[PDB]
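For reference, the structure discussed in these notes is given below.
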Amino acid sequence: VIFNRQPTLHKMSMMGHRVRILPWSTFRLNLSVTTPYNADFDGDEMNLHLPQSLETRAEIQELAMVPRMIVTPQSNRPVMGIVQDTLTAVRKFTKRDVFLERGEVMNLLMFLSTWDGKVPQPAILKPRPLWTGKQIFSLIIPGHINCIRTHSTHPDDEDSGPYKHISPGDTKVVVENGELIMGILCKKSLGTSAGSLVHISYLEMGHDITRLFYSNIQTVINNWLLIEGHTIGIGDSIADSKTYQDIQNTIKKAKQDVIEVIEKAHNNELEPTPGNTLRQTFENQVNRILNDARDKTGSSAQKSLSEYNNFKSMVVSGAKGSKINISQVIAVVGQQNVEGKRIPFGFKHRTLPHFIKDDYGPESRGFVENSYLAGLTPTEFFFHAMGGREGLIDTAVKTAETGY
Amino acid sequence: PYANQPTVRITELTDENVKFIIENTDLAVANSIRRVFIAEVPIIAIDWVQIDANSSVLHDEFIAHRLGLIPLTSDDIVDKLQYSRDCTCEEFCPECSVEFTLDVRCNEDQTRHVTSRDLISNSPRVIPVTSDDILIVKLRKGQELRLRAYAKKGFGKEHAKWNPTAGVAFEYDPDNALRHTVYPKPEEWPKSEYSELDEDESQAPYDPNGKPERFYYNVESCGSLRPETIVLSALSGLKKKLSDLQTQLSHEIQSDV
Amino acid sequence: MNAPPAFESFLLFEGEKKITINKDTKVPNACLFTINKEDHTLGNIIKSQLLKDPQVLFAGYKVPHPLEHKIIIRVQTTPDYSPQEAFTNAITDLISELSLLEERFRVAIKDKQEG
Amino acid sequence: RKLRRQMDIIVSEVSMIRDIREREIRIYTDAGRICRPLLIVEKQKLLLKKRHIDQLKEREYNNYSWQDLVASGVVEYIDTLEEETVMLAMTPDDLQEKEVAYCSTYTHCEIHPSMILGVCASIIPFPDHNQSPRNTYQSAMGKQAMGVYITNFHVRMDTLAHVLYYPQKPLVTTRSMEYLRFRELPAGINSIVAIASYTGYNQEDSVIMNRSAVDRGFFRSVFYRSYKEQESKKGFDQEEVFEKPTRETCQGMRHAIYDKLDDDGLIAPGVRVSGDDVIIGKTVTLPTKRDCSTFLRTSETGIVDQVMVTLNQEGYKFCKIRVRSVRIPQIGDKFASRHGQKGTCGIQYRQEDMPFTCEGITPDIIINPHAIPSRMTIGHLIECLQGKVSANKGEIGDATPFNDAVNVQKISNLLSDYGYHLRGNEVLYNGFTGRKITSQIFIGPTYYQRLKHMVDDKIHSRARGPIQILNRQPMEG
Amino acid sequence: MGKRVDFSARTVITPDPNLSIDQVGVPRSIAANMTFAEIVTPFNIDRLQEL
Amino acid sequence: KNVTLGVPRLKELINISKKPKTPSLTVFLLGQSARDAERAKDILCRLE
Amino acid sequence: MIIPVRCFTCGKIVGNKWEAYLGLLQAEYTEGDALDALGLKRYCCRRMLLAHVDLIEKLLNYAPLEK
Amino acid sequence: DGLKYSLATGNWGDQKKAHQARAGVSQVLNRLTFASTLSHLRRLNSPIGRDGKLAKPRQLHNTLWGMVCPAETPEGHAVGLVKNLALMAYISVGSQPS
Amino acid sequence: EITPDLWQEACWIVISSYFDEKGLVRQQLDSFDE
Amino acid sequence: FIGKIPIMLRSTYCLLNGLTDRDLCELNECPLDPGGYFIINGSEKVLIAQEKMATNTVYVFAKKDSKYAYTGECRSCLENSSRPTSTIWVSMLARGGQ
Amino acid sequence: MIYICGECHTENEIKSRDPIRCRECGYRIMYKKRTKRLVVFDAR
RNA sequence: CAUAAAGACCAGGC
Ligand SMILES: [Mg+2]
Ligand SMILES: [Zn+2]
Ligand SMILES: [Zn+2]
Ligand SMILES: [Zn+2]
């Protein structure tokens with residue numbers, strides 16, 4: 001059956017599938033096929049088209065099938081990659097620390113469809129047999145595949161001096177002869193990017209075995225993901241009692257600097273930068289200071305994260321979320337902008353009734369000091385709503401012009 | 001290459017509760033027993049509901065729904081009754097079913113509470129767990145409810161109304177030696193009721209050679225089955241399944257060869 | 001409208017065998033059991049019991065999909081020992097445990113009351 | 001301003017403005033100006049004093065109400081373009097009191113700031129902990145939540161009526177909900193929620209429901225469809241008549257069963273009606289007879305609740321019939337929390353397989369944690385903690401948007417006293433194997449809303465059916 | 001250029017990780033209405049007399 | 001300096017519009033005017 | 001509407017504990033004391049009584065179809 | 001018949017002039033939830049056309065503080081063009097300047 | 001004669017009286033009545 | 001008798017005004033129902049507040065491509081007593097005329 | 001054919017091709033008096 | 001095996 005979601009932006013949005021009948025009311029499909037259709041599961045519907053001839057069925061089977069469409073001709077990248085849970089559980093599962101006793105390995109091998117039936121010899125033979133996550137994942141990688149990639153957290157220092165190939169953080173990657181020697185997988189490895197392990201599996205081996213590569217990863221690393229489990233909780237969004245004083249110190253520093261600049265501009269001592277009106281150079285300077293603030297506090301909150309914190313577990317693997325979200329949660333939400341500029345004057349020379357006329361300070365014009373964890377103040381909440389309205393409007397307006 | 005021999009300690013035994021401790025046992029047998037406490041223990045709960053006159057402000061299958069969730073006393077005749085699928089006769093006989101009858105009308109001005117105590121059974125051994133009163137519905141003056149019901153023998157796999165038990169607590173390795181869970185900060189976690197350790201130390205030292213034993217249970221009954229016979233009925237049923245596998249398994253190994 | 005009736009879980013209709021047995025050609029001396037209309041309740045028991053037997057090299061189970069009620073148990077044993085014998089011996093051992101657990105639990109009941 | 005505060009010659013409705021640099025003085029008595037009340041500040045002190053609140057707390061049987069509070073010159077109505085002339089303070093004990101000098105002249109103080117939120121946005125606990133598009137999405141979905149809409153619904157005859165069996169007032173509620181009457185007509189149910197990746201069926205926005213709870217009446221609803229029917233006289237001898245058609249008398253005849261109709265051609269209430277079942281027999285004398293009889297919407301599979309027969313405007317016999325069907329939440333339905341987290345149900349697991357704590361509690365609903373980081377709804381987490389405190393303490397927590405008096409840390413310190421990990425993290429045991437789950441999953445009650453959208457009404461399947469008249473192409477809809 | 005067509009079924013999608021990439025869960029009602037036209041040969045005539 | 005980018009600039013390119021919203025011309029300098037900011041300033045005066 | 005039998009999460013019977021519950025609240029005890037006096041320990045049971053809204057007393061005001 | 005008509009259809013004006021007549025007034029009230037009803041009874045509708053892709057009819061203006069809900073609005077071509085009212089907002093009903 | 005730090009009771013008592021005299025829909029009723 | 005005007009529920013001229021709880025229960029009306037809508041032909045219609053530009057006040061705007069640099073205008077009505085509007089523009093032609 | 005009144009709740013017997021006004025209350029809305037034939041529910 | 005028209009506006013979904 002050919003299978004569809006509106007709108008169809010590119011040809012990967014229509015792909016022929018292979019029917020399997022299931023109970024209840026809904027279509028069901030594997031989640032690596034999520035990214036081609038843009039789908040998420042909330043109220044999403046998709047059309048099902050059934051070829052009525054063996055000739056057209058052969059056309060769909062030898063042209064539009066999903067395993068043939070993995071690599072897109074658009075970006076010469078693979079369309080489908082490991083997404084959502086399975087990617088995070090690949091990261092956490094591929095660390096050196098993961099060790100597996102006998103029965104767990106029995107289950108994980110039980111969910112491999114391509115597996116030979118030969119239990120590998122564990123990494124640690126004595127005192128007790130322990131397989132390692134890389135050792136079982138090496139059984140997933142089909143044939144003999146050769147790849148070298150680098151994990152996200154990989155610094156640039158390990159390449160310069162000693163420990164090029166040791167990589168104290170277990171980082172980089174090596175895959176030799178169809179075996180994973182070292183490295184932690186992430187969006188830069190199993191995910192969709194040029195020359196990723198999946199892409200190399202496609203061009204080197206083929207589509208047939210690559211499909212089984214996806215499916216095997218999915219099944220085994222979900223059914224292992226049951227064991228450790230994954231979560232987000234308020235303890236993951238909280239920093240140290242020291243980091244809060246660090247961040248607030250940085251904030252008060254920044255706002256004091258802004259006061260200094262504004263009090264310079266009142267005395268005319270601010271000299272216009274060539275090519276800029278005094279308002280332009282003023283807004284430029286203030287934006288410099290505030291962006292320096294929020295960036296520094298962000299980096300601090302990112303240094304305050306424990307290895308156990310789950311925000312880091314989602315962001316480092318690139319499964320979902322980004323560093324800026326951790327910054328807005330722990331430290332500072334940051335400057336809000338309406339039409340690319342700092343919050344305008346709706347009233348006469350003031351932003352809200354509370355603020356005093358001709359106040360260019362960070363608070364009046366919409367810089368948000370609080371973070372989502374601590375919660376916004378009311379005026380910062382309204383400015384925040386103004387900041388989101390522009391996003392919603394852009395989302396609604398752009399679609400028609402893009403489709404046309 | 002043989003089955004281990006477990007042991008049991010019974011600490012608290014009441015009509016609502018049983019706390020027992022199984023020792024020298026596998027983990028899978030433990031989780032499977034606490035699972036049979038829910039799934040496979042047979043019980044009597046109302047299934048077939050027929051309503052004659054419903055003037056109540058609650059629509060029919062809402063009340064018919066709430067009749068199935070009323071516990072019935074299963075303590076004895078469940079072993080005697082047969083599943084309605086295995087019954088010989090068409091429809092209903094005293095072997096496969098128990099008939100309950102409900103006749104209520106509100107004559108007085110004050111609101112009347114229709115409760116399980118109004119349910120009347122053909123046999124004395126099944127009360128609606130009245131030796132307070134489960135509220136079936138309320139009736140204003142002039143309102144009337146008259147209905148028949150047949151209760152059957154079923155277990156929790158079918159529908160949750162056949163669950164004999166409330167929440168079943170299960171725990172093992174309360175002080176964490178085995179590291180089956182890793183606390184990022186162990187000092188922030190309160191200690192379990194079964195903790196063997198001093199209050200200055202957070203956890204027990206890591207034991208590489210150990211495996212889970214001394215499984216702590218709590219079984220809290222819904223009132224249908226006294227909690228002492230929930231475990232017995234559970235083990236009996238699970239054992240019955242295993243014997244069935246031995247049977248049909250043996251038949252297949254004999255037939256295919 | 002498409003909801004299956006409350007029993008697809010255990011009750012077997014016409015033609016379905018409870019247990020079906022298929023040999024595994026990937027490995028010598030390995031067999032595969034298929035248990036219709038069961039779930040992890042039984043499979044976890046049997047798997048954990050088969051891992052005690054020193055002659056059993058591999059024991060595992062899976063449900064290929066939860067909305068279907070089925071179990072697949074792969075068993076690989078040492079040479080000159082049939083995995084079917086290991087599975088039978090596993091079941092017999094399990095019964096030998098559960099009966100003892102029943103009896104000791106009854107002794108414990110009768111002791112906790114006026115004992 | 002004095003004469004308006006005393007309401008002598010000037011209604012409190014009139015707005016008056018002095019624009020100083022343009023020298024104008026404006027007075028607007030016009031209709032349509034949107035204006036809101038505000039407290040009045042003389043110097044640094046409010047005009048609202050202790051005797052005012054003393055009489056307002058005793059408001060019952062004092063015949064003393066808001067109008068007498070306006071007549072005291074304590075509160076004052078102000079509209080938009082007058083706000084350009086005003087200085088507002090957020091809260092008196094903050095902005096009125098003396099600090100390093102910002103402003104003196106404050107002429108007003110808002111009553112409470114959370115009143116800037118509308119009706120649908122006032123049901124969101126902790127809206128300031130959320131990303132604003134999520135407050136918007138929730139303002140959109142909160143309109144679609146099933147509940148008991150009006151208490152007289154048994155009397156009313158309406159098309160497409162959704163009603164929930166067991167509505168619950170939230171465990172975490174805003175102070176303003178009291179005045180939305182959201183205690184008496186709640187739409188939703190509280191549930192025990194563990195945020196975890198479990199079997200992988202909750203990935204993306206999907207949600208894993210406990211099936212054993214669904215069998216106990218959880219999110220189980222009733223759907224009332226209404227059917228209008230009109231007897232009429234149009235042609236000279238041509239008329240419509242309610243009656244039970246006979247197999248061969250009338251012209252148009254469908255193989256569907258007419259045997260459920262009564263002597264007047266109307267199904268009596270209490271009969272199960274399925275697809276093709278004929279609710280109302282109606283015939284038209286043909287200048288022998290034609291069948292205009294009405295049918296159910298296909299596959300609905302339900303019971304006739306109510307049948308009423310009346311006379312309309314013109315005086316012809318006019319019959320309404322309400323069929324109702326009970327719908328049990330499926331793995332196709334659509335569920336949204338109060339913060340804007342929405343998704344379908346990936347699958348239902350029985351109480352057997354649901355992960356359980358040391359105490360036997362199993363989550364009714366499991367949501368995927370990947371919803372949190374990018375969508376950035378923390379108020380879902382904070383709510384989920386405050387509800388876990390509120391269930392134990394016996395008190396219904398206060399989520400009203402800006403307290404400054406409810407920290408996450410204070411909620412944690414209140415939780416840790418009841419025997420729980422103060423962050424809400426809690427040890428779970430795997431359902432299937434009983435082994436501990438290594439990570440500690442975050443559990444707490446959160447208030448969830450079933451949504452009007454349900455898969456049974458969205459499913460469609462097509463093989464060579466009816467065809468459009470003009471285009472000779474398949475029908476639309 | 002486009003038109004409303006037959007043998008097409010629309011419904012909501014729900015994630016199943018247990019399928020393969022190219023498979024899809026189809027409910028039994030959509031699988032009940034939608035049909036595939038088939039030619040009878042000496043190979044399939046038995047199966048088609050069963051159906 | 002700002003430049004229209006994204007969908008609107010794509011409309012200006014695909015439409016081959018007569019008057020774009022932000023026409024811009026980049027200029028490079030051959031001689032000592034390139035490296036020295038003085039002669040560069042001279043060309044800056046001569047192009048405006 | 002009306003208090004459910006069989007608490008959703010665990011399955012304990014909360015359906016018979018509503019009326020008496022009100023009685024406690026009618027005299028002295030706060031909800032925390034009343035829910036402990038009724039013997040509801042784990043909070044999945046407590047949320048049944050604590051969060052319940054009773055609409056049956058509202059629906060019983062309207063006169064029935066038959067006198 | 002005129003009042004009943006222009007209230008019934010929602011087309012607002014003379015029915016023979018209905019082309020020139022504005023539409024969108026007097027929709028059927030939403031009975032889904034008491035909250036949905038309270039919301040539908042308190043609402044604003046901007047006359048500006050829905051198709052127009054121009055922003056700032058739409059955006060959130062500082063003058064909307066406290067009188068109009070910043071969060072609540074439909075999503076579609078209607079973003080920012082339909083505005084529900086804040087709780088304390090009261091529309092002045094009008095009087096004479098006698 | 002002040003109400004400091006007790007304010008959280010005051011604001012909600014005065015809001016209480018507000019929504020007690022009027023209600024949410026008063027705009028409609030006043031518009032139609034006038 | 002010139003004609004019948006539809007009545008807004010629970011307003012001063014409705015039969016549901018001034019009635020307490022018991023009376024509204026005898027009449028099968030919900031005490032929670034806020035009212036403020038219409039019943040026409042059985043449907044319940046709600047007049048939606050329509051945003052418009054204020055009248056009698058002078059405005060000044062600047063359109064990009066107009067002949068005018070600055071356009072002031074007054075949209076003016078009399079008392080609401082009669083007539084839709086009268087729009088007068090007072091504008092300043094651009095000095096950029098070549 | 002018995003239609004229950006919607007005002008005084010007094011059942012009246014009335015026949016086809018007759019206007020509907022309940023005797024003694026003069027009320028125009030009748031209800032259909034729940035049927036005889038019996039319908040089964042499952043307690044599920 | 002045939003009939004329920006078409007169009008209009010409005011609300012909503014992704
Ligand atoms: Mg979507
Ligand atoms: Zn029988
Ligand atoms: Zn409970
Ligand atoms: Zn009468």
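Ordered as shown in the structure tokens, chains take letters A, B, and onward, while each chain numbers its residues from 1 and ligands are numbered from 1 in the order shown.
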For this session: Could you please extract the residues within 12 Å of ligand 4, counting only C-alpha atoms (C1' of nucleotides) and all ligand atoms, and hand them back as a VMD selection string?
Result: (chain G and resid 65 to 67) or (chain K and resid 2 to 13 20 to 31)
Checklist entry - When the cut-off is 10 Å and you count only C-alpha atoms (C1' of nucleotides) and all ligand atoms, which residues lie near ligand 3, shown as a PyMOL selection string? => result (chain B and resi 166-167) or (chain D and resi 192+360-362) or (chain G and resi 6-14+40-48)
Check your understanding: So which residues are near ligand 1, meaning at most 6 Å away with only C-alpha atoms (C1' of nucleotides) and all ligand atoms counted, given back as JSON, numbers by chain?
Key -> {"A": [39, 40, 41, 42, 44], "L": [14]}
Please produce a file of the residues just selected, as a PDB file, in the first residue's frame, where the atoms kept are N, CA, C and O atoms (P, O5', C5', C4', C3', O3' and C1' of nucleotides).
```
ATOM      1  N   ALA A  39       5.544  13.511  10.889  1.00  0.00           N
ATOM      2  CA  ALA A  39       4.495  13.175  11.839  1.00  0.00           C
ATOM      3  C   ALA A  39       4.993  13.137  13.279  1.00  0.00           C
ATOM      4  O   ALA A  39       6.132  12.768  13.565  1.00  0.00           O
ATOM      5  N   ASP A  40       4.112  13.551  14.182  1.00  0.00           N
ATOM      6  CA  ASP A  40       4.133  13.185  15.588  1.00  0.00           C
ATOM      7  C   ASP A  40       2.783  12.555  15.881  1.00  0.00           C
ATOM      8  O   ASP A  40       1.862  12.664  15.072  1.00  0.00           O
ATOM      9  N   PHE A  41       2.647  11.869  17.012  1.00  0.00           N
ATOM     10  CA  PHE A  41       1.329  11.302  17.272  1.00  0.00           C
ATOM     11  C   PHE A  41       0.608  12.183  18.289  1.00  0.00           C
ATOM     12  O   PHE A  41       0.729  12.040  19.506  1.00  0.00           O
ATOM     13  N   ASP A  42      -0.160  13.118  17.742  1.00  0.00           N
ATOM     14  CA  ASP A  42      -1.333  13.700  18.369  1.00  0.00           C
ATOM     15  C   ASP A  42      -2.349  13.998  17.265  1.00  0.00           C
ATOM     16  O   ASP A  42      -2.161  14.892  16.439  1.00  0.00           O
ATOM     17  N   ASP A  44      -2.934  12.933  14.486  1.00  0.00           N
ATOM     18  CA  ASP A  44      -2.529  12.942  13.085  1.00  0.00           C
ATOM     19  C   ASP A  44      -3.180  11.806  12.309  1.00  0.00           C
ATOM     20  O   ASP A  44      -3.250  10.666  12.770  1.00  0.00           O
TER      21      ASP A  44
ATOM     22  P     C L  14      -4.657  19.398  16.571  1.00  0.00           P
ATOM     23  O5'   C L  14      -3.795  19.067  15.276  1.00  0.00           O
ATOM     24  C5'   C L  14      -3.559  17.721  14.896  1.00  0.00           C
ATOM     25  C4'   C L  14      -2.794  17.635  13.602  1.00  0.00           C
ATOM     26  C3'   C L  14      -1.539  18.487  13.505  1.00  0.00           C
ATOM     27  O3'   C L  14      -0.424  17.897  14.151  1.00  0.00           O
ATOM     28  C1'   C L  14      -2.813  18.712  11.522  1.00  0.00           C
TER      29        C L  14
END
```
Enumerate residues in contact with ligand 2: an atom-to-atom distance of at most 10 Å, counting only C-alpha atoms (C1' of nucleotides) and all ligand atoms. Format the result as a PyMOL selection string.
chain B and resi 81-97
Item to complete: Report the residues of chain C whose backbone DSSP state falls under strand (DSSP E), written as a PyMOL selection string.
Response: chain C and resi 19-23+30-36+56-62+70-77
Output file for the residues above (C-alpha atoms, as a short mmCIF file (atom, residue, chain, number, x, y, z; two decimals), in the first residue's frame):
```
data_model
loop_
_atom_site.label_atom_id
_atom_site.label_comp_id
_atom_site.auth_asym_id
_atom_site.auth_seq_id
_atom_site.Cartn_x
_atom_site.Cartn_y
_atom_site.Cartn_z
CA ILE C 19 2.47 -25.36 21.98
CA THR C 20 4.14 -25.65 18.59
CA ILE C 21 7.72 -26.83 18.17
CA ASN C 22 10.13 -25.80 15.42
CA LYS C 23 13.77 -26.83 15.16
CA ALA C 30 18.73 -25.87 19.34
CA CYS C 31 14.94 -25.72 19.32
CA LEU C 32 12.23 -23.07 19.35
CA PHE C 33 8.93 -23.22 21.23
CA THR C 34 5.81 -21.19 20.42
CA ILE C 35 3.24 -20.82 23.19
CA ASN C 36 -0.13 -19.51 22.01
CA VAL C 56 21.25 -25.20 28.67
CA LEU C 57 23.45 -22.80 26.70
CA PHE C 58 20.72 -20.38 25.60
CA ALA C 59 17.28 -19.69 27.03
CA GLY C 60 15.12 -16.76 26.02
CA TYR C 61 11.57 -15.64 25.38
CA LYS C 62 9.86 -12.76 23.65
CA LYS C 70 1.95 -15.33 21.99
CA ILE C 71 5.37 -16.34 23.32
CA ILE C 72 8.54 -17.47 21.53
CA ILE C 73 11.15 -19.32 23.62
CA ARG C 74 14.49 -20.27 22.06
CA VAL C 75 16.48 -22.98 23.87
CA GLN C 76 19.98 -24.24 23.05
CA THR C 77 21.48 -27.07 25.09
#
```
Applying 9 Å and only C-alpha atoms (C1' of nucleotides), which residues near region 4-20 of chain I remain after dropping the ones on its own chain fewer than 4 positions away? List them as number ranges by chain. D: 53, 56-57, 59, 65-67, 69, 91-93, 111-112, 175-176, 179, 403; H: 88; I: 24
| field | Spatial neighbours of residue 98 (chain C), 9 Å, only C-alpha atoms (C1' of nucleotides), chain gap at least 2 places, as a PyMOL selection string | value | (chain B and resi 5-6+235-236+238-239) or (chain C and resi 93-96+100-103)
Any chance you could list, as a list in words, the residues in chain I that come up alpha helix (DSSP H) when DSSP is run on the backbone? residues 7, 8, 9, 10, 11, 12, 13, 14, 15, 16, 17, 18, 19, 20, 21, 26, 27, 28, 29, 30, 31, 32 and 33 of chain I
For residue 305 (chain A), work out the shell of residues within 10 Å, counting only C-alpha atoms (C1' of nucleotides) and skipping chain neighbours fewer than 2 positions away, then give it as a PDB file with N, CA, C and O atoms, in the first residue's frame.
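Everything below was put into part19.pdb:
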```
ATOM      1  N   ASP A 236      16.136  17.118  37.867  1.00  0.00           N
ATOM      2  CA  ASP A 236      16.981  17.299  36.695  1.00  0.00           C
ATOM      3  C   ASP A 236      17.074  18.758  36.272  1.00  0.00           C
ATOM      4  O   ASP A 236      18.027  19.129  35.578  1.00  0.00           O
ATOM      5  N   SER A 237      16.118  19.593  36.675  1.00  0.00           N
ATOM      6  CA  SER A 237      16.091  20.996  36.287  1.00  0.00           C
ATOM      7  C   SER A 237      16.711  21.921  37.326  1.00  0.00           C
ATOM      8  O   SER A 237      16.777  23.131  37.093  1.00  0.00           O
ATOM      9  N   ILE A 238      17.171  21.389  38.454  1.00  0.00           N
ATOM     10  CA  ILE A 238      17.679  22.190  39.561  1.00  0.00           C
ATOM     11  C   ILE A 238      19.201  22.145  39.546  1.00  0.00           C
ATOM     12  O   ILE A 238      19.801  21.087  39.322  1.00  0.00           O
ATOM     13  N   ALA A 239      19.821  23.299  39.770  1.00  0.00           N
ATOM     14  CA  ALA A 239      21.268  23.433  39.848  1.00  0.00           C
ATOM     15  C   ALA A 239      21.702  23.475  41.311  1.00  0.00           C
ATOM     16  O   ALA A 239      20.890  23.356  42.232  1.00  0.00           O
ATOM     17  N   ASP A 240      23.005  23.640  41.519  1.00  0.00           N
ATOM     18  CA  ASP A 240      23.536  23.733  42.871  1.00  0.00           C
ATOM     19  C   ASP A 240      23.143  25.059  43.510  1.00  0.00           C
ATOM     20  O   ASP A 240      22.801  26.028  42.828  1.00  0.00           O
ATOM     21  N   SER A 300      27.413  28.570  32.277  1.00  0.00           N
ATOM     22  CA  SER A 300      27.522  28.193  33.684  1.00  0.00           C
ATOM     23  C   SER A 300      26.536  27.083  34.031  1.00  0.00           C
ATOM     24  O   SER A 300      26.907  26.074  34.645  1.00  0.00           O
ATOM     25  N   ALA A 301      25.271  27.254  33.642  1.00  0.00           N
ATOM     26  CA  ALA A 301      24.266  26.230  33.913  1.00  0.00           C
ATOM     27  C   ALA A 301      24.626  24.918  33.230  1.00  0.00           C
ATOM     28  O   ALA A 301      24.266  23.836  33.707  1.00  0.00           O
ATOM     29  N   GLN A 302      25.341  24.995  32.109  1.00  0.00           N
ATOM     30  CA  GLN A 302      25.739  23.785  31.401  1.00  0.00           C
ATOM     31  C   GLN A 302      26.960  23.150  32.053  1.00  0.00           C
ATOM     32  O   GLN A 302      27.217  21.953  31.884  1.00  0.00           O
ATOM     33  N   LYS A 303      27.728  23.942  32.807  1.00  0.00           N
ATOM     34  CA  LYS A 303      28.802  23.385  33.620  1.00  0.00           C
ATOM     35  C   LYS A 303      28.292  22.843  34.949  1.00  0.00           C
ATOM     36  O   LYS A 303      28.997  22.059  35.592  1.00  0.00           O
ATOM     37  N   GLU A 307      26.545  14.295  35.488  1.00  0.00           N
ATOM     38  CA  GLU A 307      26.491  13.251  34.470  1.00  0.00           C
ATOM     39  C   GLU A 307      25.176  12.482  34.526  1.00  0.00           C
ATOM     40  O   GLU A 307      24.759  11.895  33.521  1.00  0.00           O
ATOM     41  N   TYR A 308      24.516  12.469  35.687  1.00  0.00           N
ATOM     42  CA  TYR A 308      23.247  11.770  35.836  1.00  0.00           C
ATOM     43  C   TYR A 308      22.056  12.586  35.350  1.00  0.00           C
ATOM     44  O   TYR A 308      20.977  12.018  35.155  1.00  0.00           O
ATOM     45  N   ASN A 309      22.223  13.892  35.158  1.00  0.00           N
ATOM     46  CA  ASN A 309      21.090  14.744  34.817  1.00  0.00           C
ATOM     47  C   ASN A 309      20.564  14.392  33.433  1.00  0.00           C
ATOM     48  O   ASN A 309      21.333  14.237  32.481  1.00  0.00           O
ATOM     49  N   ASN A 310      19.239  14.273  33.328  1.00  0.00           N
ATOM     50  CA  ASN A 310      18.625  13.726  32.124  1.00  0.00           C
ATOM     51  C   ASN A 310      18.513  14.745  30.996  1.00  0.00           C
ATOM     52  O   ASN A 310      18.496  14.352  29.822  1.00  0.00           O
ATOM     53  N   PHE A 311      18.420  16.040  31.316  1.00  0.00           N
ATOM     54  CA  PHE A 311      18.522  17.058  30.273  1.00  0.00           C
ATOM     55  C   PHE A 311      19.784  16.854  29.446  1.00  0.00           C
ATOM     56  O   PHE A 311      19.750  16.897  28.210  1.00  0.00           O
ATOM     57  N   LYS A 312      20.908  16.614  30.121  1.00  0.00           N
ATOM     58  CA  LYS A 312      22.155  16.332  29.423  1.00  0.00           C
ATOM     59  C   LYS A 312      22.063  15.040  28.622  1.00  0.00           C
ATOM     60  O   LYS A 312      22.644  14.939  27.534  1.00  0.00           O
ATOM     61  N   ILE A 326      18.234  24.134  28.041  1.00  0.00           N
ATOM     62  CA  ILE A 326      18.802  23.978  29.377  1.00  0.00           C
ATOM     63  C   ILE A 326      19.144  25.340  29.964  1.00  0.00           C
ATOM     64  O   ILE A 326      18.933  25.594  31.157  1.00  0.00           O
ATOM     65  N   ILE A 330      17.424  26.492  33.504  1.00  0.00           N
ATOM     66  CA  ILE A 330      18.185  26.607  34.744  1.00  0.00           C
ATOM     67  C   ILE A 330      18.518  28.061  35.059  1.00  0.00           C
ATOM     68  O   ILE A 330      18.376  28.508  36.203  1.00  0.00           O
TER      69      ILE A 330
END
```
